[PDB]
Amino acid sequence: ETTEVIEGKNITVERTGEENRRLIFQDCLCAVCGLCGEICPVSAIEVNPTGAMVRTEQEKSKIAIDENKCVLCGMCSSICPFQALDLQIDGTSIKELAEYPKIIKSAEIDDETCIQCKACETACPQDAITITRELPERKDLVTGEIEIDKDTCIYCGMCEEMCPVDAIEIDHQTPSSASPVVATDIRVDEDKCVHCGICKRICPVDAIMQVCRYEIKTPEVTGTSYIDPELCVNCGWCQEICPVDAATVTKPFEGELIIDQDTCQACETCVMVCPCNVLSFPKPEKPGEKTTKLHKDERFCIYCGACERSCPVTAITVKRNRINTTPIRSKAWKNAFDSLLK
Amino acid sequence: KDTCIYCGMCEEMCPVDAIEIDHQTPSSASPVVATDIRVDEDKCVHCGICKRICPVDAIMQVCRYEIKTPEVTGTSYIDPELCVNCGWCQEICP
Amino acid sequence: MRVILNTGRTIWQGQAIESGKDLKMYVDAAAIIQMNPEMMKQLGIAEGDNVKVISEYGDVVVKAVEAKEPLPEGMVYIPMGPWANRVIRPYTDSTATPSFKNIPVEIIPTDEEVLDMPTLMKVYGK
Amino acid sequence: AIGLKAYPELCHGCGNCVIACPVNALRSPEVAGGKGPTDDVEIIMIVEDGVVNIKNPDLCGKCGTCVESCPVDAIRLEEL
Amino acid sequence: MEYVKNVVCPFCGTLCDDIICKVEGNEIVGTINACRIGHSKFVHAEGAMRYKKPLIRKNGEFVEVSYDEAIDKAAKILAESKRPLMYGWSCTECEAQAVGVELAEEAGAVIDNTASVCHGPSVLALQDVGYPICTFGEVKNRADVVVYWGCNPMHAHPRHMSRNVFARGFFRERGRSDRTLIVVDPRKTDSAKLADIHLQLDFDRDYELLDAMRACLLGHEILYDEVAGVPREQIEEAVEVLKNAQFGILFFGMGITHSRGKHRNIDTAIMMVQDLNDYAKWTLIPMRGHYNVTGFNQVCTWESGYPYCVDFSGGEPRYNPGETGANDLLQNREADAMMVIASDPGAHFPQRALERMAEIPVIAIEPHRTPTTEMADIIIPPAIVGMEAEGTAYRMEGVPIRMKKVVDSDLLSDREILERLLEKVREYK
Ligand SMILES: Nc1nc2c(c(=O)[nH]1)N[C@H]1C(S)=C(S)[C@@H](COP(=O)(O)OP(=O)(O)OC[C@H]3O[C@@H](n4cnc5c(=O)[nH]c(N)nc54)[C@H](O)[C@@H]3O)O[C@H]1N2
Ligand SMILES: Nc1nc2c(c(=O)[nH]1)N[C@H]1C(S)=C(S)[C@@H](COP(=O)(O)OP(=O)(O)OC[C@H]3O[C@@H](n4cnc5c(=O)[nH]c(N)nc54)[C@H](O)[C@@H]3O)O[C@H]1N2
Ligand code: SF4
Ligand code: SF4
Ligand code: SF4
Ligand code: SF4
Ligand code: SF4
Ligand code: SF4
Ligand code: SF4
Ligand code: SF4
Ligand code: SF4
Ligand code: SF4
Ligand code: SF4
Ligand code: SF4
Ligand code: SF4
Ligand code: SF4
Ligand SMILES: [K+]
Ligand SMILES: [S]
Ligand SMILES: [W+6]
């Protein structure tokens, strides 16, 4: 017997027996593209409207699975390009089973080439990239010597006020007949000093010497780069944004985007829905200049179809001419994957 | 601003916050992580840290006719009602 | 409690004046005082409780109501009408325009009743 | 069964939703331009008798634009 | 059920001219396109008093009379007054307003409309510094920054945003998505909820805030690190948004006409808009309240030379808001008779003014029961403009649209009542 448990937004469908099968749906990863419901051979999945699940708050999940129809074949988990559906067999996910088809996609950063500029981290539309970097200590980006002649110094306090980095400290005091001085010491924190020479130039008694200048380690920037495979959607923004061509991406699907600008009424739904940041509303550069109403850059498109699905006036259509997978050994699966071409 | 790749390291390392970058989230219509970079030369103290941290050598920075010499001005007042004539001022004066 | 009184339009007061100032609809929409939930707690009142509003220029009784349009701390809102115009500042500073908005007032709970439209106008001794 | 649902007792009849709707806009140049339709046109909803009134819900694509343009939660997409 | 399309709504200064009226048996029973307020005026609400016939009070109870007798009593009052006030005007059409001016001259009256409790401060401001405006269609087709300063259109001009912001225009074909929406209000209004930037400033500090914005605009550093509860950095960011507009519009309302500084809040708003035009095309529009408050100021100005608070006591027109305004004559106890037409000062003047209306004869041209009719000594019910009578009205930015007569009425129109009244006042002298 097939059963179902709905924990929060998530859905689990289980069949026990000699072979255990569990289909797990994480609502937080679903982009509501609808592909699972199209490929389902028993029409067990019904997907909710893509716009409403993204722009409004809903109590229900993005999809609904009919336990009575689900046979736990896992075509849905095999096609999903957002890693939102997983079929586990005897505790093991089908992504680990070569007999099961797997879409072909990747995203890598060459750490040797990467200079830790953080552009990809900023541009990633799924916040799947983490870039850490260690800058040198400030004191290593300046070289110079500085000394204050504490005898010549009259403790006027002008250097202390004018230091742009508060590197000079004076030990002020109220005089007494036993200590007839307005200060007892002056110091330069050479960890803070950036050797701008302002102090020397303001000093009224020329008490400050300041000048800018063997194997010292050269100061250099270090860092790391991580791509979360569960969040990574393979749009290739990282590959394009990178200034040193350090990021490489490959996509599962090939296809075409077609927009009817005159049908589009610029409600922005598809723009908000697109998990790859393909679609946008350009701003005119000059008063009286007109722009393309709905702009696209297919360099970032993965041809999932969420935008086309979300558009209430059908202004966008998504052609899909190829789905790259590992070997599809079942001819019945092969035809079901081919049913998604258009 | 063409060579600049907007890594933002100068902006972080400037000891006086003289560099500002106009960061943004990219869009397909504006595929860049920033739109401008500026140096407030009123704040800049010409320490050259930015130039030395830049990974693409986008920053030129160098330390260098009648310009008025900068000098300190001020005033001095002694309140005769409060002044007690102890002479601390006479002795403390450098 | 000393609060700042702001006054002006609401869609419900607009519907009420074009139906009829004589209807109960108008009292329910303009003889009210909108307050933030937290101010009602500190004063010990709930929705529906009546409030005495005293200013330097007069006094009035209005029904307390939670503000669906949140107010800044220390501010209350009474919709425009004869109840609000019991307490706001009349002087025009030689412009002809009275100070209808942002007037220091005292607010306290009261078991007293809200006057309806014909009765409230009786205070002016016509 | 998510679909459009009005709350006319919360509605100002302000018209934001009617204008923002891309379906309404596509079908009526007047609506597209912020006007109430004067020409007889079949759209999803109008303001009638001072409140939003769903007329042809079969045309709704449940995109949520109208919902996000209303500040008083007088029109929503939910289970029916 | 005849359908009447292209009706002009007689409520607010948005002056929607796309209303559709449902007419069932010489009665308006429903509307299309009208907002909840507009619908309310078009349709009678059950139980509400609609005065069928003239009234005169004798012992605190009114008595029905004819138009001629009630107009005769009214003309008697005005003709023997030495400082009569003729107030209201904003909810009637322009021909009635024009008879009112000729009557005000004949009677030696002060004629004033609702501007003196509304955008009169804006009128005083624009007389000192100017008036840079545009019409709605320009906002619709060009504007990419829209600012609602001290107004709450969702509650007071309900279709204003849909008609000007969500609307798609020629150079703004994406509607709402092509415009930066700014609301300035101490409250989190339902208008501010729709905004991209909400400046939730301290009340009564707009003038201070605009001083910082203007000074920042002209290249000056802002003295204080927070103004009107708005941080310095946020003020400079706001000014940059205005400077980068291709076409900006500043809508504004009672939040700055009624609050501290009054006309000087508008003054400084206007001058910022003017000076913005060295960086970006900028205009403003005052959110005129009643559907034809703008019309009275137009008529009065072109006939007498002055817009409101006009005193004809000396024959020559004279003008001094602060002296010759409605609330000034009442609060200083100058007026000895008040004629109210198409307005409700009983509900909407302060108590100090109401104290004077109780001491003087009050005449009310009013179709409904209001606090004013409670303070009244004569009541004269008219035909309602835009439902039962036609005539010109002026939208908030000066566009003249002719109100339409949708149904018939046995009642006299405002214009008729005033014309007979004028004739009788001439007589009584
Ligand atoms: N429902 C309804 N609609 C109407 C009318 C009505 O009676 N009812 N009458 C019509 C008329 S006559 C007019 S004039 C218009 C007026 O329409 P609005 O100009 O919107 O008038 P108000 O709602 O009184 O005030 C608007 C806002 O000013 C804000 N405010 C108060 N103090 C300050 C301040 O110090 N600074 C700032 N920035 N804002 C402040 C308030 O929070 C309020 O939300 O409405 C018209 N429409
Ligand atoms: N506390 C406070 N007080 C305020 C305000 C505020 O914000 N706060 N705002 C002030 C402002 S801005 C204004 S303008 C006033 C509101 O100004 P009012 O003019 O007092 O507003 P209404 O109550 O709409 O008055 C219009 C009256 O005219 C009647 N009428 C409608 N159509 C016609 C017609 O064709 N002919 C005639 N003869 N009569 C007609 C209506 O039934 C109604 O009673 O309130 C002011 N008072
Ligand atoms: S397929 Fe598209 S829709 Fe079906 S799950 Fe993966 S994401 Fe959600
Ligand atoms: S498992 Fe095979 S069946 Fe159950 S849903 Fe996913 S697809 Fe339709
Ligand atoms: S962009 Fe290229 S370089 Fe900059 S961080 Fe991402 S990867 Fe490293
Ligand atoms: S050099 Fe520049 S920084 Fe170093 S102390 Fe003198 S002043 Fe401060
Ligand atoms: S400036 Fe020259 S003198 Fe004055 S304190 Fe610094 S050092 Fe001593
Ligand atoms: S590919 Fe698209 S998603 Fe995957 S990282 Fe590079 S960017 Fe983020
Ligand atoms: S395409 Fe359809 S969805 Fe994307 S904007 Fe135009 S209308 Fe809204
Ligand atoms: S645009 Fe390309 S990626 Fe973005 S939604 Fe449509 S298809 Fe999926
Ligand atoms: S020089 Fe020193 S100060 Fe001037 S900008 Fe570069 S870093 Fe900041
Ligand atoms: S460091 Fe060199 S590159 Fe990075 S931002 Fe400053 S300038 Fe642009
Ligand atoms: S110091 Fe002694 S002397 Fe010099 S001022 Fe102060 S009191 Fe007069
Ligand atoms: S629904 Fe929300 S938006 Fe559509 S009309 Fe009623 S209020 Fe205006
Ligand atoms: S949901 Fe999208 S479509 Fe359905 S109405 Fe609201 S807007 Fe028009
Ligand atoms: S906006 Fe003012 S005018 Fe247009 S309908 Fe609503 S009320 Fe009538
Ligand atoms: K009515
Ligand atoms: S007004
Ligand atoms: W007004």
# chains A, B, ... in the order shown; residues from 1 in each chain; ligands from 1
>>> residues_around(residues="residue 36 of chain C", least_positions_apart="5", cutoff="12 Å", atoms="only C-alpha atoms", output="list in words")
residues 3, 41, 42, 43, 45, 46, 47, 64, 65, 66, 67, 68, 69, 70, 71, 72, 73, 74, 75, 76 and 77 of chain C; 187 and 188 of chain E
>>> write_last_selection(atoms="N, CA and C atoms", output="PDB file, in the first residue's frame")
ATOM      1  N   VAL C   3      -0.926  62.646  24.327  1.00  0.00           N
ATOM      2  CA  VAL C   3      -0.646  62.120  23.001  1.00  0.00           C
ATOM      3  C   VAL C   3      -0.755  63.251  21.986  1.00  0.00           C
ATOM      4  N   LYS C  41      -2.996  48.996  25.433  1.00  0.00           N
ATOM      5  CA  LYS C  41      -2.593  48.185  26.573  1.00  0.00           C
ATOM      6  C   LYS C  41      -2.163  49.064  27.740  1.00  0.00           C
ATOM      7  N   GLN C  42      -1.258  50.012  27.485  1.00  0.00           N
ATOM      8  CA  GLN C  42      -0.750  50.876  28.543  1.00  0.00           C
ATOM      9  C   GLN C  42      -1.851  51.686  29.209  1.00  0.00           C
ATOM     10  N   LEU C  43      -2.950  51.929  28.506  1.00  0.00           N
ATOM     11  CA  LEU C  43      -4.059  52.704  29.035  1.00  0.00           C
ATOM     12  C   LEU C  43      -5.169  51.826  29.593  1.00  0.00           C
ATOM     13  N   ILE C  45      -7.469  49.805  27.893  1.00  0.00           N
ATOM     14  CA  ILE C  45      -8.714  49.803  27.141  1.00  0.00           C
ATOM     15  C   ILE C  45      -8.623  48.747  26.050  1.00  0.00           C
ATOM     16  N   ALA C  46      -9.781  48.408  25.501  1.00  0.00           N
ATOM     17  CA  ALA C  46      -9.885  47.484  24.386  1.00  0.00           C
ATOM     18  C   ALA C  46     -10.719  48.130  23.290  1.00  0.00           C
ATOM     19  N   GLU C  47     -10.760  47.480  22.131  1.00  0.00           N
ATOM     20  CA  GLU C  47     -11.623  47.965  21.068  1.00  0.00           C
ATOM     21  C   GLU C  47     -13.050  48.069  21.584  1.00  0.00           C
ATOM     22  N   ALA C  64     -12.723  54.005  21.089  1.00  0.00           N
ATOM     23  CA  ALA C  64     -11.380  53.562  20.745  1.00  0.00           C
ATOM     24  C   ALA C  64     -11.431  52.411  19.746  1.00  0.00           C
ATOM     25  N   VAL C  65     -10.420  52.368  18.885  1.00  0.00           N
ATOM     26  CA  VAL C  65     -10.382  51.455  17.750  1.00  0.00           C
ATOM     27  C   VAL C  65      -8.926  51.201  17.397  1.00  0.00           C
ATOM     28  N   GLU C  66      -8.598  49.943  17.129  1.00  0.00           N
ATOM     29  CA  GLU C  66      -7.245  49.616  16.714  1.00  0.00           C
ATOM     30  C   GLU C  66      -6.994  50.158  15.311  1.00  0.00           C
ATOM     31  N   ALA C  67      -5.849  50.807  15.134  1.00  0.00           N
ATOM     32  CA  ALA C  67      -5.515  51.427  13.863  1.00  0.00           C
ATOM     33  C   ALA C  67      -4.995  50.366  12.903  1.00  0.00           C
ATOM     34  N   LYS C  68      -5.712  50.167  11.791  1.00  0.00           N
ATOM     35  CA  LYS C  68      -5.193  49.334  10.712  1.00  0.00           C
ATOM     36  C   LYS C  68      -4.089  50.040   9.930  1.00  0.00           C
ATOM     37  N   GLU C  69      -3.993  51.371  10.027  1.00  0.00           N
ATOM     38  CA  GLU C  69      -2.879  52.116   9.449  1.00  0.00           C
ATOM     39  C   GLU C  69      -1.942  52.544  10.575  1.00  0.00           C
ATOM     40  N   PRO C  70      -0.863  51.805  10.840  1.00  0.00           N
ATOM     41  CA  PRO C  70      -0.086  52.029  12.068  1.00  0.00           C
ATOM     42  C   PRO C  70       0.385  53.466  12.221  1.00  0.00           C
ATOM     43  N   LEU C  71       0.390  53.930  13.481  1.00  0.00           N
ATOM     44  CA  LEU C  71       0.768  55.268  13.886  1.00  0.00           C
ATOM     45  C   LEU C  71       2.159  55.267  14.511  1.00  0.00           C
ATOM     46  N   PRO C  72       2.880  56.385  14.454  1.00  0.00           N
ATOM     47  CA  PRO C  72       4.126  56.492  15.216  1.00  0.00           C
ATOM     48  C   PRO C  72       3.822  56.563  16.699  1.00  0.00           C
ATOM     49  N   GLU C  73       4.843  56.283  17.500  1.00  0.00           N
ATOM     50  CA  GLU C  73       4.664  56.279  18.945  1.00  0.00           C
ATOM     51  C   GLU C  73       4.181  57.642  19.413  1.00  0.00           C
ATOM     52  N   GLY C  74       3.160  57.636  20.268  1.00  0.00           N
ATOM     53  CA  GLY C  74       2.640  58.848  20.859  1.00  0.00           C
ATOM     54  C   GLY C  74       1.563  59.559  20.069  1.00  0.00           C
ATOM     55  N   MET C  75       1.149  59.021  18.926  1.00  0.00           N
ATOM     56  CA  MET C  75       0.171  59.665  18.058  1.00  0.00           C
ATOM     57  C   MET C  75      -1.128  58.870  18.054  1.00  0.00           C
ATOM     58  N   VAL C  76      -2.246  59.585  17.966  1.00  0.00           N
ATOM     59  CA  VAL C  76      -3.560  58.991  17.773  1.00  0.00           C
ATOM     60  C   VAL C  76      -4.206  59.667  16.570  1.00  0.00           C
ATOM     61  N   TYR C  77      -5.288  59.072  16.083  1.00  0.00           N
ATOM     62  CA  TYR C  77      -5.928  59.546  14.860  1.00  0.00           C
ATOM     63  C   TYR C  77      -7.431  59.555  15.062  1.00  0.00           C
TER      64      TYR C  77
ATOM     65  N   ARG E 187       2.579  58.383   9.297  1.00  0.00           N
ATOM     66  CA  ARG E 187       1.842  57.144   9.503  1.00  0.00           C
ATOM     67  C   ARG E 187       2.160  56.147   8.393  1.00  0.00           C
ATOM     68  N   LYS E 188       2.019  54.858   8.715  1.00  0.00           N
ATOM     69  CA  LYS E 188       2.087  53.775   7.727  1.00  0.00           C
ATOM     70  C   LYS E 188       0.714  53.640   7.065  1.00  0.00           C
TER      71      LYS E 188
END
>>> select_by_dssp(residues="segment 1-93 of chain B", states="strand (DSSP E or B)", output="PyMOL selection string")
chain B and resi 19-23+27+30+34-39
>>> select_by_dssp(residues="chain D", states="alpha helix (DSSP H)", output="ChimeraX atom specification")
/D:16-20,22-27,29-32,65-68
>>> residues_around(residues="residue 254 of chain A", least_positions_apart="6", cutoff="6 Å", atoms="only C-alpha atoms", output="tab-separated table (two decimals) with C-alpha atoms, in the first residue's frame")
chain	number	residue	atom	x	y	z
A	320	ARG	CA	13.18	22.70	-25.62
A	321	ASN	CA	15.16	20.87	-28.29
A	322	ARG	CA	17.37	18.61	-26.16
>>> residues_near_ligand(ligand="ligand 11", cutoff="10 Å", atoms="only C-alpha atoms and all ligand atoms", output="ChimeraX atom specification")
/A:141-142,164,194-196 /B:10-20,38-53,59-63
>>> write_last_selection(atoms="N, CA, C and O atoms", output="compact mmCIF listing (two decimals), in the first residue's frame")
# COMPACT_ATOMS: atom_id res chain seq x y z
N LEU A 141 50.46 46.95 4.05
CA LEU A 141 50.26 47.70 2.82
C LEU A 141 50.86 49.10 2.89
O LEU A 141 50.64 49.91 1.98
N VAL A 142 51.61 49.42 3.95
CA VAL A 142 52.35 50.67 4.08
C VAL A 142 53.71 50.35 4.69
O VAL A 142 53.81 49.47 5.56
N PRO A 164 44.54 60.94 10.70
CA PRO A 164 43.30 60.44 10.10
C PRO A 164 42.90 59.07 10.61
O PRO A 164 41.79 58.62 10.29
N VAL A 194 49.34 54.93 8.76
CA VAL A 194 49.36 54.69 7.31
C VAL A 194 50.35 55.60 6.61
O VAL A 194 50.34 55.68 5.37
N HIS A 195 51.17 56.34 7.38
CA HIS A 195 52.35 57.05 6.87
C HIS A 195 51.98 58.11 5.83
O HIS A 195 52.62 58.24 4.79
N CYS A 196 50.97 58.90 6.16
CA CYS A 196 50.56 60.02 5.32
C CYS A 196 51.35 61.29 5.59
O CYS A 196 51.24 62.23 4.80
N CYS B 10 39.79 47.79 -2.29
CA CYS B 10 40.18 49.16 -1.97
C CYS B 10 39.18 49.81 -1.02
O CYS B 10 39.56 50.45 -0.04
N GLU B 11 37.88 49.64 -1.30
CA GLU B 11 36.84 50.26 -0.50
C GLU B 11 36.91 49.78 0.94
O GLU B 11 36.79 50.58 1.88
N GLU B 12 37.14 48.48 1.14
CA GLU B 12 37.29 47.93 2.49
C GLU B 12 38.55 48.45 3.17
O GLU B 12 38.53 48.77 4.37
N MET B 13 39.66 48.52 2.45
CA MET B 13 40.96 48.79 3.04
C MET B 13 41.26 50.28 3.19
O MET B 13 42.22 50.63 3.89
N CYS B 14 40.50 51.17 2.56
CA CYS B 14 40.81 52.58 2.66
C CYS B 14 40.72 52.98 4.13
O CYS B 14 39.67 52.77 4.76
N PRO B 15 41.78 53.53 4.72
CA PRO B 15 41.73 53.84 6.16
C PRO B 15 40.84 55.01 6.50
O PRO B 15 40.61 55.25 7.68
N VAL B 16 40.32 55.74 5.51
CA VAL B 16 39.56 56.95 5.77
C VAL B 16 38.25 56.95 5.00
O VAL B 16 37.58 57.99 4.91
N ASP B 17 37.86 55.80 4.46
CA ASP B 17 36.60 55.64 3.73
C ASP B 17 36.43 56.71 2.65
O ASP B 17 35.37 57.32 2.50
N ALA B 18 37.49 56.91 1.86
CA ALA B 18 37.44 57.84 0.75
C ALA B 18 36.93 57.22 -0.55
O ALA B 18 36.55 57.96 -1.47
N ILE B 19 36.93 55.89 -0.67
CA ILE B 19 36.47 55.22 -1.88
C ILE B 19 35.06 54.71 -1.67
O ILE B 19 34.77 54.05 -0.67
N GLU B 20 34.18 55.00 -2.63
CA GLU B 20 32.82 54.51 -2.62
C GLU B 20 32.55 53.78 -3.93
O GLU B 20 32.97 54.22 -5.00
N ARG B 38 34.35 55.83 -6.95
CA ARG B 38 34.75 57.22 -6.76
C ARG B 38 35.71 57.35 -5.59
O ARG B 38 35.63 56.60 -4.61
N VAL B 39 36.61 58.33 -5.70
CA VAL B 39 37.54 58.67 -4.62
C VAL B 39 37.23 60.09 -4.19
O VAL B 39 37.36 61.03 -4.98
N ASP B 40 36.85 60.25 -2.92
CA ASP B 40 36.63 61.56 -2.32
C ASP B 40 38.00 62.14 -1.97
O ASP B 40 38.58 61.82 -0.93
N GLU B 41 38.53 63.00 -2.84
CA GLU B 41 39.86 63.53 -2.64
C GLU B 41 39.92 64.56 -1.51
O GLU B 41 41.02 65.01 -1.17
N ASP B 42 38.78 64.93 -0.92
CA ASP B 42 38.80 65.69 0.32
C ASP B 42 39.20 64.82 1.50
O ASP B 42 39.83 65.32 2.45
N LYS B 43 38.85 63.54 1.47
CA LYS B 43 39.16 62.60 2.54
C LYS B 43 40.47 61.87 2.33
O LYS B 43 41.14 61.52 3.31
N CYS B 44 40.85 61.64 1.08
CA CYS B 44 42.03 60.85 0.76
C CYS B 44 43.29 61.46 1.38
O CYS B 44 43.52 62.67 1.28
N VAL B 45 44.09 60.63 2.04
CA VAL B 45 45.35 61.07 2.65
C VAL B 45 46.56 60.49 1.93
O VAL B 45 47.68 60.58 2.44
N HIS B 46 46.33 59.85 0.77
CA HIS B 46 47.39 59.47 -0.18
C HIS B 46 48.40 58.52 0.43
O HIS B 46 49.62 58.67 0.27
N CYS B 47 47.89 57.49 1.10
CA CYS B 47 48.73 56.44 1.66
C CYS B 47 49.05 55.34 0.67
O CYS B 47 49.92 54.51 0.96
N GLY B 48 48.36 55.28 -0.47
CA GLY B 48 48.70 54.30 -1.48
C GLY B 48 48.29 52.87 -1.18
O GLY B 48 48.67 51.97 -1.94
N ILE B 49 47.52 52.63 -0.12
CA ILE B 49 47.08 51.28 0.20
C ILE B 49 46.22 50.71 -0.93
O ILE B 49 46.37 49.55 -1.32
N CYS B 50 45.29 51.51 -1.44
CA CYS B 50 44.39 51.07 -2.50
C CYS B 50 45.18 50.52 -3.69
O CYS B 50 44.98 49.39 -4.13
N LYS B 51 46.09 51.34 -4.21
CA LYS B 51 46.92 50.94 -5.34
C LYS B 51 47.61 49.61 -5.10
O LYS B 51 47.68 48.77 -6.00
N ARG B 52 48.12 49.39 -3.88
CA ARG B 52 48.88 48.17 -3.61
C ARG B 52 47.99 46.94 -3.41
O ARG B 52 48.46 45.82 -3.59
N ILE B 53 46.72 47.13 -3.06
CA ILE B 53 45.84 45.97 -2.92
C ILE B 53 45.13 45.63 -4.22
O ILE B 53 44.64 44.50 -4.37
N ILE B 59 44.40 51.43 -10.30
CA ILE B 59 44.49 52.67 -9.54
C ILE B 59 45.88 53.24 -9.70
O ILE B 59 46.87 52.58 -9.35
N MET B 60 45.96 54.47 -10.20
CA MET B 60 47.19 55.26 -10.19
C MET B 60 47.14 56.18 -8.97
O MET B 60 46.18 56.94 -8.81
N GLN B 61 48.16 56.10 -8.12
CA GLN B 61 48.25 56.96 -6.94
C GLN B 61 49.70 57.35 -6.74
O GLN B 61 50.57 56.48 -6.61
N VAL B 62 49.98 58.65 -6.69
CA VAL B 62 51.33 59.15 -6.48
C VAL B 62 51.28 60.39 -5.59
O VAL B 62 50.38 61.22 -5.71
N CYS B 63 52.27 60.51 -4.69
CA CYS B 63 52.44 61.71 -3.87
C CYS B 63 53.33 62.71 -4.59
O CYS B 63 54.39 62.34 -5.11
>>> closest_residue(among="E:256, E:284, E:126, E:235", to="ligand 2", atoms="only C-alpha atoms and all ligand atoms")
E:256
>>> residues_near_ligand(ligand="ligand 18", cutoff="6 Å", atoms="only C-alpha atoms and all ligand atoms", output="list in words")
residues 114, 115, 118, 288, 289, 290 and 293 of chain E
>>> write_last_selection(atoms="N, CA, C and O atoms", output="short mmCIF file (atom, residue, chain, number, x, y, z; two decimals), in the first residue's frame")
data_model
loop_
_atom_site.label_atom_id
_atom_site.label_comp_id
_atom_site.auth_asym_id
_atom_site.auth_seq_id
_atom_site.Cartn_x
_atom_site.Cartn_y
_atom_site.Cartn_z
N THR E 114 -13.89 76.47 0.21
CA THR E 114 -13.25 75.54 1.12
C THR E 114 -11.74 75.58 1.03
O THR E 114 -11.07 75.00 1.90
N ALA E 115 -11.18 76.25 0.02
CA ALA E 115 -9.72 76.37 -0.06
C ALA E 115 -9.13 76.91 1.24
O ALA E 115 -8.05 76.48 1.65
N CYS E 118 -8.12 74.22 3.21
CA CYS E 118 -7.57 73.13 2.43
C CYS E 118 -6.25 73.51 1.76
O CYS E 118 -5.20 73.45 2.40
N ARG E 288 -6.20 68.64 -4.91
CA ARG E 288 -7.42 69.39 -4.61
C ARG E 288 -8.51 68.44 -4.14
O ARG E 288 -8.67 67.34 -4.67
N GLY E 289 -9.26 68.87 -3.13
CA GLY E 289 -10.14 67.97 -2.39
C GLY E 289 -11.45 67.66 -3.09
O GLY E 289 -11.65 66.56 -3.61
N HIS E 290 -12.36 68.63 -3.08
CA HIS E 290 -13.66 68.46 -3.69
C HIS E 290 -13.55 68.57 -5.20
O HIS E 290 -12.66 69.23 -5.74
N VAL E 293 -13.64 72.33 -6.06
CA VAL E 293 -13.01 73.42 -5.32
C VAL E 293 -12.13 74.24 -6.27
O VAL E 293 -12.12 75.48 -6.22
#
>>> residues_near_ligand(ligand="ligand 16", cutoff="10 Å", atoms="only C-alpha atoms and all ligand atoms", output="VMD selection string")
(chain C and resid 11 14 to 15) or (chain D and resid 12 to 15 50) or (chain E and resid 8 to 19 32 to 42 153 to 163 289 to 291 395)
>>> residues_around(residues="residue 49 of chain D", least_positions_apart="2", cutoff="6 Å", atoms="only C-alpha atoms", output="list in words")
residues 51 of chain D; 30, 31 and 32 of chain E
>>> interface_residues(of="chain E", to="chain C", cutoff="7 Å", atoms="only C-alpha atoms", output="PyMOL selection string")
chain E and resi 36-37+40-41+44-45+48+116-117+155-156+186-190+258-259+321-323+325-328+346-352+354-355+358-359+368-371+374-375
>>> residues_near_ligand(ligand="ligand 4", cutoff="8 Å", atoms="only C-alpha atoms and all ligand atoms", output="list in words")
residues 13, 23, 36, 37, 39, 40, 41, 42, 43, 44, 45, 65, 66, 67, 69, 70, 71, 72, 73, 74, 75, 76, 77 and 87 of chain A
>>> write_last_selection(atoms="C-alpha atoms", output="tab-separated table (two decimals), in the first residue's frame")
chain	number	residue	atom	x	y	z
A	13	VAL	CA	5.15	9.20	-0.44
A	23	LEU	CA	9.60	10.10	-2.75
A	36	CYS	CA	7.32	16.77	-12.86
A	37	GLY	CA	3.58	16.90	-13.54
A	39	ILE	CA	6.44	13.78	-17.22
A	40	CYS	CA	4.39	11.82	-14.67
A	41	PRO	CA	3.18	8.67	-16.49
A	42	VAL	CA	0.14	8.26	-14.19
A	43	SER	CA	-0.83	11.95	-13.82
A	44	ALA	CA	-0.26	11.74	-10.06
A	45	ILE	CA	1.21	15.26	-9.74
A	65	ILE	CA	0.98	14.12	-5.22
A	66	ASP	CA	-1.82	11.55	-5.43
A	67	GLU	CA	-0.71	8.56	-3.37
A	69	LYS	CA	-1.84	6.97	-8.48
A	70	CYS	CA	1.84	7.28	-7.56
A	71	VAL	CA	3.76	4.09	-8.40
A	72	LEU	CA	7.15	5.47	-7.21
A	73	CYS	CA	8.98	5.10	-10.52
A	74	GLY	CA	10.84	8.37	-9.98
A	75	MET	CA	10.76	9.95	-13.42
A	76	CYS	CA	9.85	13.20	-11.64
A	77	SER	CA	12.98	13.09	-9.47
A	87	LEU	CA	13.46	8.97	-4.95
>>> residues_near_ligand(ligand="ligand 8", cutoff="9 Å", atoms="only C-alpha atoms and all ligand atoms", output="MDAnalysis selection string")
chainID A and resid 106:109 120:121 123:129 227:229 231:240 247:250 275:276 300
